[PDB]
$ cat target_7.pdb   # PDB, N, CA and C atoms and all ligand atoms
ATOM      1  N   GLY A   1      47.094   3.231   1.987  1.00  0.00           N
ATOM      2  CA  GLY A   1      47.355   2.061   2.805  1.00  0.00           C
ATOM      3  C   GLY A   1      47.166   2.334   4.284  1.00  0.00           C
ATOM      4  N   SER A   2      46.295   1.556   4.922  1.00  0.00           N
ATOM      5  CA  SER A   2      46.021   1.723   6.343  1.00  0.00           C
ATOM      6  C   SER A   2      45.274   0.513   6.897  1.00  0.00           C
ATOM      7  N   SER A   3      45.582   0.153   8.139  1.00  0.00           N
ATOM      8  CA  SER A   3      44.944  -0.989   8.784  1.00  0.00           C
ATOM      9  C   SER A   3      45.364  -1.091  10.248  1.00  0.00           C
ATOM     10  N   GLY A   4      44.379  -1.203  11.133  1.00  0.00           N
ATOM     11  CA  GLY A   4      44.666  -1.306  12.553  1.00  0.00           C
ATOM     12  C   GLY A   4      43.847  -2.385  13.232  1.00  0.00           C
ATOM     13  N   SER A   5      44.312  -2.835  14.394  1.00  0.00           N
ATOM     14  CA  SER A   5      43.618  -3.876  15.143  1.00  0.00           C
ATOM     15  C   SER A   5      43.651  -3.583  16.640  1.00  0.00           C
ATOM     16  N   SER A   6      42.733  -4.198  17.377  1.00  0.00           N
ATOM     17  CA  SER A   6      42.653  -4.000  18.820  1.00  0.00           C
ATOM     18  C   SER A   6      41.709  -5.015  19.456  1.00  0.00           C
ATOM     19  N   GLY A   7      41.920  -5.288  20.740  1.00  0.00           N
ATOM     20  CA  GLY A   7      41.081  -6.239  21.444  1.00  0.00           C
ATOM     21  C   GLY A   7      39.932  -5.571  22.174  1.00  0.00           C
ATOM     22  N   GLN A   8      39.620  -6.068  23.366  1.00  0.00           N
ATOM     23  CA  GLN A   8      38.533  -5.514  24.163  1.00  0.00           C
ATOM     24  C   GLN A   8      39.005  -5.190  25.578  1.00  0.00           C
ATOM     25  N   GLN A   9      39.603  -4.015  25.742  1.00  0.00           N
ATOM     26  CA  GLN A   9      40.100  -3.588  27.044  1.00  0.00           C
ATOM     27  C   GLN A   9      40.560  -2.134  27.001  1.00  0.00           C
ATOM     28  N   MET A  10      40.237  -1.386  28.050  1.00  0.00           N
ATOM     29  CA  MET A  10      40.617   0.020  28.132  1.00  0.00           C
ATOM     30  C   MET A  10      40.502   0.695  26.769  1.00  0.00           C
ATOM     31  N   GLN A  11      39.490   0.303  26.004  1.00  0.00           N
ATOM     32  CA  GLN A  11      39.271   0.869  24.678  1.00  0.00           C
ATOM     33  C   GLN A  11      38.727   2.291  24.776  1.00  0.00           C
ATOM     34  N   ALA A  12      37.651   2.456  25.539  1.00  0.00           N
ATOM     35  CA  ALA A  12      37.034   3.765  25.717  1.00  0.00           C
ATOM     36  C   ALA A  12      37.954   4.704  26.488  1.00  0.00           C
ATOM     37  N   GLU A  13      38.848   5.374  25.767  1.00  0.00           N
ATOM     38  CA  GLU A  13      39.787   6.303  26.386  1.00  0.00           C
ATOM     39  C   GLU A  13      40.536   7.105  25.326  1.00  0.00           C
ATOM     40  N   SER A  14      41.063   8.258  25.728  1.00  0.00           N
ATOM     41  CA  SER A  14      41.799   9.122  24.813  1.00  0.00           C
ATOM     42  C   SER A  14      42.591   8.295  23.804  1.00  0.00           C
ATOM     43  N   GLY A  15      42.074   8.212  22.582  1.00  0.00           N
ATOM     44  CA  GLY A  15      42.744   7.450  21.544  1.00  0.00           C
ATOM     45  C   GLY A  15      41.911   7.329  20.283  1.00  0.00           C
ATOM     46  N   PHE A  16      40.624   7.041  20.452  1.00  0.00           N
ATOM     47  CA  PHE A  16      39.717   6.896  19.319  1.00  0.00           C
ATOM     48  C   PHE A  16      38.307   7.343  19.689  1.00  0.00           C
ATOM     49  N   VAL A  17      37.554   7.793  18.691  1.00  0.00           N
ATOM     50  CA  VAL A  17      36.188   8.251  18.911  1.00  0.00           C
ATOM     51  C   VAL A  17      35.292   7.108  19.376  1.00  0.00           C
ATOM     52  N   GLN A  18      34.512   7.361  20.421  1.00  0.00           N
ATOM     53  CA  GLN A  18      33.611   6.352  20.963  1.00  0.00           C
ATOM     54  C   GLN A  18      32.163   6.663  20.599  1.00  0.00           C
ATOM     55  N   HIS A  19      31.658   5.984  19.573  1.00  0.00           N
ATOM     56  CA  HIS A  19      30.285   6.188  19.124  1.00  0.00           C
ATOM     57  C   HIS A  19      29.322   5.295  19.899  1.00  0.00           C
ATOM     58  N   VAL A  20      28.458   5.915  20.697  1.00  0.00           N
ATOM     59  CA  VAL A  20      27.484   5.176  21.491  1.00  0.00           C
ATOM     60  C   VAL A  20      26.158   5.046  20.753  1.00  0.00           C
ATOM     61  N   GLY A  21      25.548   3.867  20.845  1.00  0.00           N
ATOM     62  CA  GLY A  21      24.279   3.634  20.180  1.00  0.00           C
ATOM     63  C   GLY A  21      24.448   2.980  18.823  1.00  0.00           C
ATOM     64  N   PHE A  22      25.552   3.289  18.151  1.00  0.00           N
ATOM     65  CA  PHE A  22      25.829   2.728  16.834  1.00  0.00           C
ATOM     66  C   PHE A  22      26.585   1.409  16.953  1.00  0.00           C
ATOM     67  N   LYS A  23      26.004   0.348  16.403  1.00  0.00           N
ATOM     68  CA  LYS A  23      26.623  -0.972  16.446  1.00  0.00           C
ATOM     69  C   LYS A  23      26.932  -1.473  15.039  1.00  0.00           C
ATOM     70  N   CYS A  24      28.061  -2.159  14.895  1.00  0.00           N
ATOM     71  CA  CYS A  24      28.473  -2.694  13.602  1.00  0.00           C
ATOM     72  C   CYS A  24      27.501  -3.770  13.125  1.00  0.00           C
ATOM     73  N   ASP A  25      26.970  -3.587  11.921  1.00  0.00           N
ATOM     74  CA  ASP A  25      26.029  -4.542  11.348  1.00  0.00           C
ATOM     75  C   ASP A  25      26.765  -5.647  10.598  1.00  0.00           C
ATOM     76  N   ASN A  26      28.031  -5.853  10.950  1.00  0.00           N
ATOM     77  CA  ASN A  26      28.845  -6.878  10.308  1.00  0.00           C
ATOM     78  C   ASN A  26      29.340  -7.897  11.329  1.00  0.00           C
ATOM     79  N   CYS A  27      30.109  -7.425  12.304  1.00  0.00           N
ATOM     80  CA  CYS A  27      30.648  -8.294  13.344  1.00  0.00           C
ATOM     81  C   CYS A  27      29.792  -8.227  14.606  1.00  0.00           C
ATOM     82  N   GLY A  28      29.320  -7.027  14.931  1.00  0.00           N
ATOM     83  CA  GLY A  28      28.494  -6.850  16.112  1.00  0.00           C
ATOM     84  C   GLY A  28      29.231  -6.145  17.233  1.00  0.00           C
ATOM     85  N   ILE A  29      30.176  -5.284  16.870  1.00  0.00           N
ATOM     86  CA  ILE A  29      30.955  -4.544  17.854  1.00  0.00           C
ATOM     87  C   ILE A  29      30.263  -3.240  18.236  1.00  0.00           C
ATOM     88  N   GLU A  30      29.977  -3.083  19.524  1.00  0.00           N
ATOM     89  CA  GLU A  30      29.316  -1.880  20.018  1.00  0.00           C
ATOM     90  C   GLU A  30      29.696  -1.608  21.471  1.00  0.00           C
ATOM     91  N   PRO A  31      29.948  -0.329  21.788  1.00  0.00           N
ATOM     92  CA  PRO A  31      29.870   0.759  20.809  1.00  0.00           C
ATOM     93  C   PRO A  31      30.989   0.691  19.775  1.00  0.00           C
ATOM     94  N   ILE A  32      30.798   1.383  18.657  1.00  0.00           N
ATOM     95  CA  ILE A  32      31.793   1.401  17.592  1.00  0.00           C
ATOM     96  C   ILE A  32      32.888   2.423  17.881  1.00  0.00           C
ATOM     97  N   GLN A  33      34.123   1.942  17.992  1.00  0.00           N
ATOM     98  CA  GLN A  33      35.259   2.814  18.266  1.00  0.00           C
ATOM     99  C   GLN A  33      35.995   3.171  16.979  1.00  0.00           C
ATOM    100  N   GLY A  34      36.627   4.340  16.968  1.00  0.00           N
ATOM    101  CA  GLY A  34      37.357   4.779  15.793  1.00  0.00           C
ATOM    102  C   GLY A  34      36.464   5.457  14.774  1.00  0.00           C
ATOM    103  N   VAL A  35      36.425   4.908  13.564  1.00  0.00           N
ATOM    104  CA  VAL A  35      35.605   5.467  12.496  1.00  0.00           C
ATOM    105  C   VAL A  35      34.357   4.622  12.263  1.00  0.00           C
ATOM    106  N   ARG A  36      33.211   5.286  12.165  1.00  0.00           N
ATOM    107  CA  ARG A  36      31.945   4.596  11.942  1.00  0.00           C
ATOM    108  C   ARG A  36      31.479   4.767  10.500  1.00  0.00           C
ATOM    109  N   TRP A  37      31.715   3.748   9.682  1.00  0.00           N
ATOM    110  CA  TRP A  37      31.320   3.786   8.279  1.00  0.00           C
ATOM    111  C   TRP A  37      29.802   3.738   8.140  1.00  0.00           C
ATOM    112  N   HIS A  38      29.195   4.899   7.916  1.00  0.00           N
ATOM    113  CA  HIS A  38      27.748   4.989   7.763  1.00  0.00           C
ATOM    114  C   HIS A  38      27.354   4.955   6.290  1.00  0.00           C
ATOM    115  N   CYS A  39      26.529   3.981   5.924  1.00  0.00           N
ATOM    116  CA  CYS A  39      26.077   3.837   4.546  1.00  0.00           C
ATOM    117  C   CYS A  39      25.437   5.129   4.045  1.00  0.00           C
ATOM    118  N   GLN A  40      25.629   5.419   2.763  1.00  0.00           N
ATOM    119  CA  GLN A  40      25.071   6.624   2.161  1.00  0.00           C
ATOM    120  C   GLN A  40      23.807   6.304   1.371  1.00  0.00           C
ATOM    121  N   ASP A  41      23.832   5.185   0.654  1.00  0.00           N
ATOM    122  CA  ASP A  41      22.687   4.764  -0.146  1.00  0.00           C
ATOM    123  C   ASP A  41      21.463   4.536   0.736  1.00  0.00           C
ATOM    124  N   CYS A  42      21.624   3.705   1.759  1.00  0.00           N
ATOM    125  CA  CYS A  42      20.533   3.399   2.676  1.00  0.00           C
ATOM    126  C   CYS A  42      19.841   4.677   3.143  1.00  0.00           C
ATOM    127  N   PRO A  43      18.549   4.561   3.482  1.00  0.00           N
ATOM    128  CA  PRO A  43      17.747   5.695   3.950  1.00  0.00           C
ATOM    129  C   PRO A  43      18.170   6.170   5.337  1.00  0.00           C
ATOM    130  N   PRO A  44      17.633   7.326   5.754  1.00  0.00           N
ATOM    131  CA  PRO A  44      17.939   7.912   7.063  1.00  0.00           C
ATOM    132  C   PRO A  44      17.345   7.108   8.213  1.00  0.00           C
ATOM    133  N   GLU A  45      16.413   6.217   7.886  1.00  0.00           N
ATOM    134  CA  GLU A  45      15.766   5.384   8.894  1.00  0.00           C
ATOM    135  C   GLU A  45      16.460   4.030   9.007  1.00  0.00           C
ATOM    136  N   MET A  46      16.863   3.481   7.866  1.00  0.00           N
ATOM    137  CA  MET A  46      17.539   2.189   7.836  1.00  0.00           C
ATOM    138  C   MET A  46      19.044   2.368   7.657  1.00  0.00           C
ATOM    139  N   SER A  47      19.564   3.491   8.141  1.00  0.00           N
ATOM    140  CA  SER A  47      20.988   3.783   8.031  1.00  0.00           C
ATOM    141  C   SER A  47      21.818   2.721   8.746  1.00  0.00           C
ATOM    142  N   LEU A  48      22.841   2.220   8.063  1.00  0.00           N
ATOM    143  CA  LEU A  48      23.713   1.198   8.631  1.00  0.00           C
ATOM    144  C   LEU A  48      25.031   1.807   9.099  1.00  0.00           C
ATOM    145  N   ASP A  49      25.770   1.054   9.907  1.00  0.00           N
ATOM    146  CA  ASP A  49      27.053   1.518  10.422  1.00  0.00           C
ATOM    147  C   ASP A  49      28.030   0.355  10.574  1.00  0.00           C
ATOM    148  N   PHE A  50      29.197   0.486   9.954  1.00  0.00           N
ATOM    149  CA  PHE A  50      30.217  -0.555  10.019  1.00  0.00           C
ATOM    150  C   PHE A  50      31.499  -0.022  10.654  1.00  0.00           C
ATOM    151  N   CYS A  51      32.137  -0.852  11.471  1.00  0.00           N
ATOM    152  CA  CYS A  51      33.371  -0.467  12.144  1.00  0.00           C
ATOM    153  C   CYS A  51      34.552  -0.509  11.178  1.00  0.00           C
ATOM    154  N   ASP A  52      35.524   0.368  11.403  1.00  0.00           N
ATOM    155  CA  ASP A  52      36.709   0.431  10.554  1.00  0.00           C
ATOM    156  C   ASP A  52      37.157  -0.968  10.142  1.00  0.00           C
ATOM    157  N   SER A  53      37.002  -1.926  11.051  1.00  0.00           N
ATOM    158  CA  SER A  53      37.395  -3.304  10.784  1.00  0.00           C
ATOM    159  C   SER A  53      36.533  -3.911   9.681  1.00  0.00           C
ATOM    160  N   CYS A  54      35.231  -3.655   9.749  1.00  0.00           N
ATOM    161  CA  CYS A  54      34.296  -4.175   8.759  1.00  0.00           C
ATOM    162  C   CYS A  54      33.986  -3.123   7.698  1.00  0.00           C
ATOM    163  N   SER A  55      34.906  -2.179   7.523  1.00  0.00           N
ATOM    164  CA  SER A  55      34.730  -1.114   6.543  1.00  0.00           C
ATOM    165  C   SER A  55      34.951  -1.636   5.126  1.00  0.00           C
ATOM    166  N   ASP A  56      35.808  -2.644   5.002  1.00  0.00           N
ATOM    167  CA  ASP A  56      36.108  -3.236   3.704  1.00  0.00           C
ATOM    168  C   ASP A  56      35.268  -4.488   3.470  1.00  0.00           C
ATOM    169  N   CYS A  57      34.272  -4.693   4.325  1.00  0.00           N
ATOM    170  CA  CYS A  57      33.396  -5.854   4.213  1.00  0.00           C
ATOM    171  C   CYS A  57      32.190  -5.542   3.332  1.00  0.00           C
ATOM    172  N   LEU A  58      31.548  -6.589   2.825  1.00  0.00           N
ATOM    173  CA  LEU A  58      30.381  -6.427   1.965  1.00  0.00           C
ATOM    174  C   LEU A  58      29.159  -7.108   2.572  1.00  0.00           C
ATOM    175  N   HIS A  59      28.144  -6.314   2.895  1.00  0.00           N
ATOM    176  CA  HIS A  59      26.917  -6.840   3.481  1.00  0.00           C
ATOM    177  C   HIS A  59      25.702  -6.440   2.649  1.00  0.00           C
ATOM    178  N   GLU A  60      24.834  -7.408   2.374  1.00  0.00           N
ATOM    179  CA  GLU A  60      23.634  -7.155   1.585  1.00  0.00           C
ATOM    180  C   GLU A  60      22.384  -7.599   2.339  1.00  0.00           C
ATOM    181  N   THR A  61      21.498  -6.649   2.618  1.00  0.00           N
ATOM    182  CA  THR A  61      20.263  -6.941   3.335  1.00  0.00           C
ATOM    183  C   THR A  61      19.043  -6.512   2.528  1.00  0.00           C
ATOM    184  N   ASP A  62      17.869  -6.621   3.138  1.00  0.00           N
ATOM    185  CA  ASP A  62      16.626  -6.243   2.475  1.00  0.00           C
ATOM    186  C   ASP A  62      16.794  -4.933   1.711  1.00  0.00           C
ATOM    187  N   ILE A  63      17.379  -3.940   2.372  1.00  0.00           N
ATOM    188  CA  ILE A  63      17.599  -2.638   1.754  1.00  0.00           C
ATOM    189  C   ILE A  63      19.059  -2.460   1.350  1.00  0.00           C
ATOM    190  N   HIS A  64      19.957  -2.600   2.320  1.00  0.00           N
ATOM    191  CA  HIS A  64      21.386  -2.458   2.065  1.00  0.00           C
ATOM    192  C   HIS A  64      21.843  -3.424   0.975  1.00  0.00           C
ATOM    193  N   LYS A  65      22.814  -2.994   0.177  1.00  0.00           N
ATOM    194  CA  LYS A  65      23.341  -3.820  -0.902  1.00  0.00           C
ATOM    195  C   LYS A  65      24.844  -3.614  -1.059  1.00  0.00           C
ATOM    196  N   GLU A  66      25.435  -4.320  -2.019  1.00  0.00           N
ATOM    197  CA  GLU A  66      26.868  -4.213  -2.272  1.00  0.00           C
ATOM    198  C   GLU A  66      27.195  -2.922  -3.015  1.00  0.00           C
ATOM    199  N   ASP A  67      26.284  -2.500  -3.885  1.00  0.00           N
ATOM    200  CA  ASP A  67      26.474  -1.279  -4.660  1.00  0.00           C
ATOM    201  C   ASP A  67      26.493  -0.055  -3.749  1.00  0.00           C
ATOM    202  N   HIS A  68      25.709  -0.108  -2.678  1.00  0.00           N
ATOM    203  CA  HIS A  68      25.635   0.996  -1.728  1.00  0.00           C
ATOM    204  C   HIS A  68      27.032   1.478  -1.345  1.00  0.00           C
ATOM    205  N   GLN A  69      27.114   2.710  -0.856  1.00  0.00           N
ATOM    206  CA  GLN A  69      28.391   3.289  -0.453  1.00  0.00           C
ATOM    207  C   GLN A  69      28.441   3.501   1.055  1.00  0.00           C
ATOM    208  N   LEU A  70      29.647   3.673   1.584  1.00  0.00           N
ATOM    209  CA  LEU A  70      29.833   3.885   3.015  1.00  0.00           C
ATOM    210  C   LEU A  70      30.576   5.190   3.281  1.00  0.00           C
ATOM    211  N   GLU A  71      30.198   5.874   4.356  1.00  0.00           N
ATOM    212  CA  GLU A  71      30.830   7.136   4.721  1.00  0.00           C
ATOM    213  C   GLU A  71      31.665   6.979   5.989  1.00  0.00           C
ATOM    214  N   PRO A  72      32.984   7.190   5.857  1.00  0.00           N
ATOM    215  CA  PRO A  72      33.919   7.078   6.980  1.00  0.00           C
ATOM    216  C   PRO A  72      33.741   8.202   7.997  1.00  0.00           C
ATOM    217  N   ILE A  73      33.046   7.902   9.088  1.00  0.00           N
ATOM    218  CA  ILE A  73      32.806   8.887  10.135  1.00  0.00           C
ATOM    219  C   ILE A  73      33.872   8.804  11.222  1.00  0.00           C
ATOM    220  N   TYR A  74      34.867   9.681  11.134  1.00  0.00           N
ATOM    221  CA  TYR A  74      35.951   9.708  12.109  1.00  0.00           C
ATOM    222  C   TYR A  74      35.437  10.121  13.484  1.00  0.00           C
ATOM    223  N   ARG A  75      34.938  11.350  13.576  1.00  0.00           N
ATOM    224  CA  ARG A  75      34.413  11.868  14.834  1.00  0.00           C
ATOM    225  C   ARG A  75      32.900  12.050  14.758  1.00  0.00           C
ATOM    226  N   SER A  76      32.238  11.943  15.907  1.00  0.00           N
ATOM    227  CA  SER A  76      30.789  12.092  15.970  1.00  0.00           C
ATOM    228  C   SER A  76      30.398  13.560  16.103  1.00  0.00           C
ATOM    229  N   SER A  77      29.524  14.017  15.212  1.00  0.00           N
ATOM    230  CA  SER A  77      29.071  15.403  15.227  1.00  0.00           C
ATOM    231  C   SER A  77      27.626  15.498  15.708  1.00  0.00           C
ATOM    232  N   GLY A  78      27.416  16.243  16.787  1.00  0.00           N
ATOM    233  CA  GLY A  78      26.079  16.402  17.330  1.00  0.00           C
ATOM    234  C   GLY A  78      25.818  17.811  17.824  1.00  0.00           C
ATOM    235  N   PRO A  79      24.756  17.973  18.627  1.00  0.00           N
ATOM    236  CA  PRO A  79      24.375  19.276  19.183  1.00  0.00           C
ATOM    237  C   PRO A  79      25.367  19.773  20.228  1.00  0.00           C
ATOM    238  N   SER A  80      25.929  18.843  20.994  1.00  0.00           N
ATOM    239  CA  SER A  80      26.892  19.188  22.033  1.00  0.00           C
ATOM    240  C   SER A  80      26.334  20.271  22.952  1.00  0.00           C
ATOM    241  N   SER A  81      25.057  20.147  23.297  1.00  0.00           N
ATOM    242  CA  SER A  81      24.402  21.116  24.166  1.00  0.00           C
ATOM    243  C   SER A  81      25.319  21.520  25.317  1.00  0.00           C
ATOM    244  N   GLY A  82      25.040  22.678  25.909  1.00  0.00           N
ATOM    245  CA  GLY A  82      25.847  23.161  27.013  1.00  0.00           C
ATOM    246  C   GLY A  82      27.036  23.978  26.549  1.00  0.00           C
TER     247      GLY A  82
HETATM  248 ZN    ZN A 101      32.538  -4.787  12.620  1.00  0.00          ZN
HETATM  249 ZN    ZN A 102      23.208   0.553   2.145  1.00  0.00          ZN
END

$ encode --input "target_7.pdb" --output "C-alpha cells" --more "lines below"
Ligand SMILES: [Zn+2]
Ligand SMILES: [Zn+2]
Amino acid sequence: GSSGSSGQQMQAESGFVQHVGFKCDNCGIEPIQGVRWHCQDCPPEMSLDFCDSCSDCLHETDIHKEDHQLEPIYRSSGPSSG
C-alpha cells in the first residue's frame, strides 16, 4: 500500500529524484519527479515513461499495450562523469 500527491511548486529539491528529459506519456508531467515507470516490453527506441501518479494507469499505443510491463525507476542511473 502506497500513494502520494503533490502540486507544482518547489518540487525540484531535496525530496525526490528529478528525471530530466523524461516526460509522462499519460498526463504530460515533465520533468518526471519521484519514480519513473519505464516500460519493459516496449523497445529501447520507443521506450515509454510514466510518473508514479500514472504508474497504475493503462495506456495503449501503436507499440505500447496493456499487456506490457512497467519498471519503477526510483533514482536515475547514468555515467555521472567527473
Ligand atoms: Zn503522469
Ligand atoms: Zn510498452

$ resolve_selection --input "target_7.pdb" --expression "the PyMOL selection byres (((chain A and resi 27-34) around 8) and not hetatm)" --output "list in words"
residues 11, 12, 15, 16, 17, 18, 19, 20, 21, 22, 23, 24, 25, 26, 35, 36, 37, 50, 51, 52, 53, 54, 72, 73, 74, 75 and 76 of chain A

$ resolve_selection --input "target_7.pdb" --expression "the PyMOL selection byres (((not hetatm)) within 5 of (chain A and resi 102))" --output "list in words"
residues 39, 41, 42, 64, 65 and 68 of chain A

$ select_by_dssp --input "target_7.pdb" --residues "chain A" --states "strand (DSSP E)" --output "list in words"
residues 18, 19, 32, 33, 36, 37, 38, 39, 49, 50, 51, 70, 71, 72 and 73 of chain A

$ atom_distance --input "target_7.pdb" --atom1 "atom C of residue A:44" --atom2 "atom N of residue A:71"
13.5 Å

$ axis_aligned_box --input "target_7.pdb" --around "stretch 52-62 of chain A" --padding-each-side "4 Å" --output "AutoDock Vina command-line options"
--center_x 27.0 --center_y -3.6 --center_z 6.5 --size_x 28.8 --size_y 16.0 --size_z 17.8

$ closest_residue --input "target_7.pdb" --among "A:69, A:55, A:80, A:2" --to "ligand ZN 101 (chain A)" --atoms "all atoms listed in the file"
A:55

$ atom_distance --input "target_7.pdb" --atom1 "atom C of residue A:79" --atom2 "atom N of residue A:48"
21.5 Å

$ atom_distance --input "target_7.pdb" --atom1 "atom C of residue A:46" --atom2 "atom CA of residue A:63"
7.9 Å

$ closest_residue --input "target_7.pdb" --among "A:70, A:6, A:14, A:49" --to "ligand ZN 101 (chain A)" --atoms "only N, CA and C atoms and all ligand atoms"
A:49

$ decode --input "target_7.pdb" --residues "stretch 12-43 of chain A" --atoms "C-alpha atoms" --output "mmCIF file, in the first residue's frame"
data_model
loop_
_atom_site.group_PDB
_atom_site.id
_atom_site.type_symbol
_atom_site.label_atom_id
_atom_site.label_comp_id
_atom_site.auth_asym_id
_atom_site.auth_seq_id
_atom_site.Cartn_x
_atom_site.Cartn_y
_atom_site.Cartn_z
ATOM 1 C CA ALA A 12 12.834 20.226 -7.783
ATOM 2 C CA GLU A 13 14.581 19.981 -4.413
ATOM 3 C CA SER A 14 15.948 17.530 -1.846
ATOM 4 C CA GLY A 15 12.994 15.165 -1.622
ATOM 5 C CA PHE A 16 12.505 13.213 -4.843
ATOM 6 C CA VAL A 17 14.522 12.208 -7.906
ATOM 7 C CA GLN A 18 14.303 14.737 -10.736
ATOM 8 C CA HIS A 19 14.386 12.986 -14.112
ATOM 9 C CA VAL A 20 15.132 15.466 -16.899
ATOM 10 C CA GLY A 21 14.154 14.726 -20.486
ATOM 11 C CA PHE A 22 11.685 12.021 -19.483
ATOM 12 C CA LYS A 23 8.040 13.081 -19.731
ATOM 13 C CA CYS A 24 4.951 11.159 -18.620
ATOM 14 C CA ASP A 25 3.144 9.687 -21.626
ATOM 15 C CA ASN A 26 -0.086 9.697 -19.615
ATOM 16 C CA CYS A 27 -0.709 13.101 -18.035
ATOM 17 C CA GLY A 28 2.188 15.048 -19.518
ATOM 18 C CA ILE A 29 4.207 15.875 -16.412
ATOM 19 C CA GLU A 30 7.823 16.820 -17.120
ATOM 20 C CA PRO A 31 10.306 16.576 -15.830
ATOM 21 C CA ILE A 32 9.157 13.421 -14.047
ATOM 22 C CA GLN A 33 9.713 13.628 -10.290
ATOM 23 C CA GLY A 34 9.965 10.668 -7.933
ATOM 24 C CA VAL A 35 9.832 7.298 -9.677
ATOM 25 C CA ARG A 36 9.855 6.992 -13.468
ATOM 26 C CA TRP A 37 7.949 3.885 -14.553
ATOM 27 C CA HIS A 38 9.803 2.835 -17.705
ATOM 28 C CA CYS A 39 8.044 0.235 -19.854
ATOM 29 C CA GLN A 40 9.909 -3.056 -20.256
ATOM 30 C CA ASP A 41 8.055 -4.570 -23.211
ATOM 31 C CA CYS A 42 8.480 -1.515 -25.437
ATOM 32 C CA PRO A 43 11.752 -1.293 -27.411
#
